[PDB]
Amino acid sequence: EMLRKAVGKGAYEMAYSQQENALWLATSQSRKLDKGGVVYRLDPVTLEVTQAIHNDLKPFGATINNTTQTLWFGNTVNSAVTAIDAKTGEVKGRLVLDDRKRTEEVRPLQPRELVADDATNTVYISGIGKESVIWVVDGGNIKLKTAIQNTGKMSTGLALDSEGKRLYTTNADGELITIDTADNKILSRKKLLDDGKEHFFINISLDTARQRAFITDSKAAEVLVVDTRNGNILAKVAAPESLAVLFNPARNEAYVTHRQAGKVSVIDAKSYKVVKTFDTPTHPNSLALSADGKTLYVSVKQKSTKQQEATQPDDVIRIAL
């Protein structure tokens, strides 16, 4: 059971709220003709647009603080973060994370992934560059608390274990970095693999109940399952180049996107192998689950290049699991 619905150009990440009974999708819109972007509120079943929130800055990454029902979006090309009230769709404010000039020599860090700790109303944002950082933002006033330095090259991945007070990030140096959220200190940097090959761990999704992490690698066709207590490999699941990953507690499965391939794989987290594949052409980007874990949403981008931009809008695919 699948439903494909067109929404808008430049689709990226999504967030879901059971209380609002809604799914939101960040879209950057047209790269050549649009300044700023749009966050769309969609019906969880029909995927029809119920609200279009125009934004001065293009939104990319997305997350929601469930306790405050506040959406947080990463403004990747403006080194900023935006907060939007979920109930009203009102942009509450923004925070510039790196205000430096984008000169040929100076490259401002740009936000990638965002995660919100509902227990402390703190938002963590991975800022990527040659020397990455993790910005820690006060969700109560949209002001910076501090910045966790030295997370390595292109430390894109970000996942939070609120109860355990642990934050995890993964980078292009083949490391899994564990951070104590009580004091924002890096507790350890673990080289997951040692085969003399380059490993770029792009995303990470946690199974906090069993203390496991699912990590994708853009360089190898192998999804890693790691014990977050010590960093040991629990399993190496065979699967084509994976980018996005999302673990589903309700079904003990993990979903992974294959952008170039145009598919989404379902990994049985008990047997540790791929048991099903969904056809999601052309280029699947991000994933989101309904609160009950019974429905998977996939943002899918049309084939496009900054030479021949797509004329058709991107879609969101609803998959009844």
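All residue numbers refer to positions in the sequence shown, first residue = 1.
Chemist: Comparing 64 to 72 with 28 to 36, where is the mean C-alpha B-factor higher?
Modeler: Per the PDB entry, the higher value belongs to 28 to 36.
Chemist: Please compare 86 to 94 with 218 to 226 and name the stretch with the higher mean C-alpha B-factor in the deposited structure.
Modeler: Looking at the record's C-alpha B-factors, the answer is 218 to 226.
Chemist: Per the entry, which of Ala213, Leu243, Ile125, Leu246 tops the list for Cα B factor?
Modeler: Answer, based on the entry's C-alpha B-factors: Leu243.
Chemist: Whose C-alpha has the highest temperature factor in the PDB entry: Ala119, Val115, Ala239, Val81?
Modeler: Highest CA B-factor of the listed options: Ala239.
Chemist: Can you tell me which third, lowest, middle or highest, the CA B-factor of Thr295 falls into for its chain?
Modeler: Its C-alpha B-factor belongs to the middle third of this chain's values.
Chemist: Taking the C-alpha B-factors as the PDB entry records them, is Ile134 in the lowest, middle or highest third of its chain?
Modeler: Lowest third - that is where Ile134 ends up once the chain's C-alpha B-factors are sorted.
Chemist: Please place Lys143 in the lowest, middle or highest third of its chain by C-alpha B factor as given in the entry.
Modeler: According to the entry, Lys143 has a C-alpha B-factor in the chain's lowest third.
Chemist: Would you please rank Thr280 by its C-alpha temperature factor against the other modelled residues of its chain and give the third it falls in: lowest, middle or highest?
Modeler: For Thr280, whose C-alpha B-factor we compare with every modelled residue in the chain, the answer is the highest third.
Chemist: For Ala310, return the chain-relative third of its C-alpha B-factor as stated in the PDB record: lowest, middle or highest.
Modeler: According to the entry, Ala310 has a C-alpha B-factor in the chain's highest third.
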